[PDB]
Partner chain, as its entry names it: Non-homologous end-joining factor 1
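Single chain ahead, written as structure tokens, the form deposited without its partner chain.
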């Protein structure tokens, strides 16, 4: 329901070293933290955020007693993030000249979590560390750190200027900070971080060590505080004597802005003084006001109109049996084309929680469907007031879970029967062998996947499904800019936004000559209007 996140960000002089052509790690970390706080503020989440800075000239933390945990300051305690914090991050925080231990800073941040969590209910206690690891650190408290983190159930994430593993481009899909300028101090810090992540979780923490450039194009900062959607309990019924208790979750559901643009007066900026109204007038000339209750519902039947009142429509309306998830039959997976998928959501169907019998039954159904290469055509109705749907429930087997994925299928009325002229049989639109070869070269050059050597797995060079929606970040940036500078125009789109939205520079460079061949071989001329 509510999480406590502490952002432990480095400030020391080391990150101020700006390699030409590359933004400094201080600026990159500032951008990442601004990205996190912008969403946490404009999404109206109840999570409380604290900010701890280490490497500053001053000292302010409840652990300093003279020559320990120095150069570490607690800029912000656990409270709801706000525009004050956003402004502090944007302008009032300046790089320091001292150096601090990223482990002493972790001690301070864990102390903040422990001594400010009391008196409040937190389901999660997350913490994120932004540092370059290019500082001398005392590795004498690792056991205490790991034990306290395990006991207090505190997560961890690490963000570094370089990724774990052309010109550098922030937020792009390509190589990060080059793997040649890493000092031995940074190597020691990196191996310590690797050991810490290993000890806290297992094997998958190596995936929880990110770089600023790749974190700017991912939702990884919100991964440990994301809230899981509510389940939809029902029963998967086959016939009238076989029922399996299930729980369905929405896999893909397009996210939209929750806040709405209120219309206010241009002078008093209040919505109270501005209110709308509806006017009912006759369609012919001499428009006369019609009373609100003097209007009844109607419908079109060809060239005529018939009255059909609300109560009569409710009485004569199609009445559904109720909530259901019922199998109408099984068909081959090849007969359900992906191009016919309807609806605006995707449901993943799991067995009921803490139900081993239901889990076994659903696993048997999933395995049978997978082995037979068949899918289930089911009747789905969210509730008794919901329009029933027909859809496909195909198996989805992974290494850690199994489920049925439900996607709505079209009705007879949804299909459009459109005739399109054949392209292969066309004589005036037949490409020549030279044009075909040029297009072939273009396809080869613009490949977005790399076939790994010695392995039969394809690596995606542009995984767009992991890129967050740029509209939310753009809206948050514009809102923050207007809040901080009320009398200035909106800023342009951010370069790293454009970079994550753009394809890799390697692909762009490789696609040069084939595109020239396409241009010189395909005579595209615009028709005069």
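Numbering follows the first chain given and starts at 1.
> May I ask whether residue 175 is missing from the deposited models in at least a third of the other compared entries?
Counting only entries that model residues on both sides, residue 175 is unresolved in at least a third of them.
> Scan the PDB entry between residue 165 and residue 166 and report the missing deposited residues as one of none, 1 to 3, 4 to 9, 10 or more.
Gap size class: 10 or more residues without coordinates, per the record.
The same protein has a further form, the form deposited with its partner chain bound, not shown here; the description that follows concerns it.
> Where does its partner chain sit in the deposited complex: which of 204-212, 107-115, 188-196, 131-139, heavy atoms within 4.5 Å?
Of the stretches listed, the one contacting the partner is 204-212.
> Which residue among 98, 148, 73, 157 has a heavy atom within 4.5 angstroms of its partner chain in the deposited complex?
Flagged contact: 157.
> Thinking of 39, 219 and 223 as the candidate spot, does its partner chain come within 4.5 Å of a heavy atom on all of them in the deposited complex?
Every residue of the spot touches its partner chain in the deposited complex.
> Is residue 32 a contact residue for its partner chain in the deposited complex, using a 4.5 Å heavy atom cut-off?
Yes, residue 32 lies within 4.5 Å of its partner chain in the deposited complex.
> State the hinge position among 61, 388, 220, 450 for the rotation of one rigid part relative to another between the shown form and the other one.
Per the C-alpha fit change, the hinge is 220.
> Compared with this form, is the residue 462-residue 21 Cα separation smaller or larger in the deposited complex, the difference being 3 Å or more?
Residue 462 and residue 21 sit farther apart in the deposited complex.
> Closer or farther: how do the CA atoms of residue 356 and residue 153 lie in the deposited complex, compared with the form shown, if the change is at least 3 Å?
It is farther: in the deposited complex, the C-alpha atoms of residue 356 and residue 153 lie at least 3 Å more apart than they do here.
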